[PDB]
Structures are given as C-alpha cells and as structure tokens.
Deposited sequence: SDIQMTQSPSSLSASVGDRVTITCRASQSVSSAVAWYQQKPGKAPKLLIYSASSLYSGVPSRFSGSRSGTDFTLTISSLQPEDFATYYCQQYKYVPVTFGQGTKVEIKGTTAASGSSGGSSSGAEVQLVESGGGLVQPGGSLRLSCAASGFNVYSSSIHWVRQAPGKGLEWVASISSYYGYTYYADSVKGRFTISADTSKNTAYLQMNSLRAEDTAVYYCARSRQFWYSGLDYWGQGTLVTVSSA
C-alpha cells in the first residue's frame, strides 16, 4: 500500500513563529492529499482538502504546498488556539492512510458503543442530517487510544459501492438507510485490537474533496 512518515513527531514552539509540518508519500500520488486538525477530546476537522486549496471557514494563516511527494503544511503565526494534532491523509486509492500525527505543544451523531466481550457483536447508528445520502459518501474512521486515525469502511449509495479495510474484511459490514438518512456499521467477531474511538465522517460523493464533517466519538472497549 502507501505509507506516510511525518518528519516532526513532537513540535514545541511559542506564539508568533512559523512552523512547517512535512508529509512524505510512499508512492507518487497526485495532489489528492488532505490535512486534518484534531484537538484533544475532539473529532478531526478539515483544513486543506487538496494539499493546495484552503477550505471554507479555516483562517487564512494556514497554507499548503506540493513538490513531487513533499506535501507540507505551514502556519504563518502559531495562535494560542492552534495547539493540536495534525494528520496527513491521501484519498487517491481506497486504502486511505493517515499520517502518524504531529503534536504541537449539518450534525452527525453516532449511537451505540460500549463494553463488548471478545467475539461479540455490536452495531453503531450514524444519524446524518443536513445532507443527502446519494449526494454524499459515508466513511468510518477509528482512532486507537494514543494512536492515529485508521480507516474502516466507506459506502457510496449513488453507485452502490461498499469498501472495507483489509483488516476488517468479512467481519465488518456497512449499510445506509435512505429513508432515515442513517448509516449502520455491524461488527462481528470483535478482536482485542478493535479498541478505538469510531468516527462517522461525511464526504462529498461527487468529486471527493476530503472528509468535510465528522462525528463526536463512541469509544468501544473490548
């Protein structure tokens, strides 16, 4: 597949300086690289959706550039409300891979989740409002405690296509209810490595431009 290693693992700075996070792609991918910011205890929030195009709503101090496979994220001034974990993600192929994480020092509601014994079953409901199922793509991303984001499954109801990660093939299934505008994820044979915070993310179905909206967090302990 494609693996990314970020040069700064732990970054320390003050207020009033320019930082630079470096992202490297294993394969020569196109500009289809997105940058996410995740504050502690909060879902990741998109900043740049094309490695060069600024998202609507983010401050103009953020910027990105590409040179071969040398994707970088630069902040003109490190504001006090900028200390979080930044992730580098590509979307040129189904096995989307997030970065290791750089540390600086329309509502989606997920239901279900809890303490489940190994080998059990659990179903999560992703209530979606403000967007249509056929005009958007629903993705599930899990984040292990102390680790980075990992993609689980995705569904595109327009073309009727469902994708799953290589580590959850067969055991994991995904479905979407058009009438209720809800996405369902059924889990079977839960192993001890499934302990992670599951996020239901929404992306534009036509001309994918990153995961615009995320969830809240439904950490599952096994």
Not represented among the modelled residues are deposited positions 1, 107 to 125, 243 to 245
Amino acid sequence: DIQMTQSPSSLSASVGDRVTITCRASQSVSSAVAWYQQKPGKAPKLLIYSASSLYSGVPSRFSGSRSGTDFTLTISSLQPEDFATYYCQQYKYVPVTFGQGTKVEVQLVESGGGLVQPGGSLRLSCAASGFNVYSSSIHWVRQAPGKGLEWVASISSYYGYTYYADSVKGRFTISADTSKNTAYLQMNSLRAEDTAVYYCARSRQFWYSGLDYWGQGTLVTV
From here on, numbers count along this sequence of modelled residues.
Considering only other entries where residues before and after it are modelled, is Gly68 without coordinates in at least a third? no
Does a third or more of the other compared entries skip modelling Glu105? yes
